[PDB]
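Neighbour counts are summed over all protein chains in view; Cβ atoms, including those assigned to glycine, are modelled from backbone coordinates with ideal geometry. Readers should treat all values here as calculations from the given coordinates under stated rules, not as data from a laboratory.
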Amino acid sequence: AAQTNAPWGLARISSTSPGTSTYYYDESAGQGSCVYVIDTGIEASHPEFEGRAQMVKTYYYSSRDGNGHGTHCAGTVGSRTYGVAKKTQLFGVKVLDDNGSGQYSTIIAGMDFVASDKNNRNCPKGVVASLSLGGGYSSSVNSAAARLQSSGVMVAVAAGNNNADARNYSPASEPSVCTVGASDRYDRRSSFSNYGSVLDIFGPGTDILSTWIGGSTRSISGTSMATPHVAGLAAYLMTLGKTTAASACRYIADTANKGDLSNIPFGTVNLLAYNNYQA
Ligand SMILES: [Pr+3]
Ligand SMILES: [Pr+3]
């Protein structure tokens, strides 16, 4: 299948070179997989989700996304127009308040929740969790991410936006998950993207158009935007049977565009998420 005039990030993950405008993908499009978006919530009623999005848990007074951030990330995972895996099932877990913040204890509870909740869902092709959040280093937060991964969920987390070594941030610094840096449409490391040896992969993160609350759209930037590209890519690959939750990050790294990025510090991987689609 082919989506013409796609957002640049979708086109980039189906090309060996920057500058293309078509997103090439297999028609299966992540059908039968599930992605938990652990964030500010999801505006599930947005037309772009086509009824495939559902709030399953909130840690605040409402399950509504009063912020937009979670809806944006969810859109990059699996919205019709802006999503990588256009037929995946989306589950929202609201661990961040409408200001975009949350206590570590709540974020940990949300991860433990997903590990259990997935056992009550029909996700025959597998389960992904997308975490576009983080803060200063915490061994408890890292441990929670490692548990979630161990439970059989592909965990993708943002590297952080501090232009620093991600070793000092959580859950970015947990080695066993998939830590995602950001790039721009000219294949440069995004100027805000964290780096370091703990990064596994880069994805498009600068000027990413996706869904927003109030049934709208907007373009924003961050490693928050790169992470759902990789989460959606994992769902897509799991549906195709190419990989499993345990090995998806490694498979994505193995099959990535290599050496294409500029402004990558020595010691950081030069790997850009790529779906390897061949008609
Ligand atoms: Pr290339
Ligand atoms: Pr890793």
(message) Checking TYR23 against (1) touching a residue at least 40 places away in the same chain (Cβ under 8 Å); (2) among the aromatic types (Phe, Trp, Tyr); (3) within 15 Å of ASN276 (Cβ to Cβ): exactly one of these is not met. Which one?
(response) (1)
(message) When you check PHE192 against the structure, is it closer than 15 Å to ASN263 by Cα, aromatic (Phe, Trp, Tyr), away from ligand 2 (no atom under 12 Å from the Cβ) and not in a loop (DSSP other than H, G, I, E, B), yes or no?
(response) no
(request) Test each condition in (1) more than 22 Å from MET111 (Cβ to Cβ); (2) surrounded by 24 or more Cβ atoms within 10 Å (Cβ to Cβ) for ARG185 and report the one that comes out false. (result) (2)
(message) So, in the range 249-271, exactly how many residues are within 11 Å of ligand 1 (Cβ to nearest atom), at negative phi and not charged (D, E, K, R)?
(response) 4
(message) Restricting to the range 225-275, and then to whatever is among the basic types (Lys, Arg) and surrounded by fewer than 15 Cβ atoms within 10 Å (Cβ to Cβ), can you tell me which residue is farthest from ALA159 (Cα to Cα)?
(response) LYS258
(request) Would you point out the residue of the range 16-57, among those that are part of a strand (DSSP E or B) and among the polar types (S, T, N, Q), that is surrounded by the fewest Cβ atoms within 10 Å (Cβ to Cβ)? (result) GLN54
(request) Only one of these is crowded, with 24+ Cβ neighbours inside 10 Å, closer than 23 Å to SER105 by Cα, more than 16 Å from ligand 1 (Cβ to nearest atom) and more than 15 Å from the chain's Cα centre (by Cα): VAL128, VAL155, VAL177, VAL141. Name it. (result) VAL141
(request) Scan the range 165-190 and report the pairs whose first residue is more than 21 Å from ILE220 (Cβ to Cβ) and whose second residue is assigned to a loop (DSSP other than H, G, I, E, B) and of a type in the set (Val, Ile, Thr), with Cβ atoms within less than 6 Å and a gap of 6+ or a chain change. (result) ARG167/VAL198; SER173/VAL198
(message) I need a count of the residues in the range 195-216 that are in contact with a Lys or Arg (Cβ under 6 Å, 6 or more places away or on another chain) and either assigned to a strand (DSSP E or B) or under 27 Å from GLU43 (Cα atoms) (or both).
(response) 2
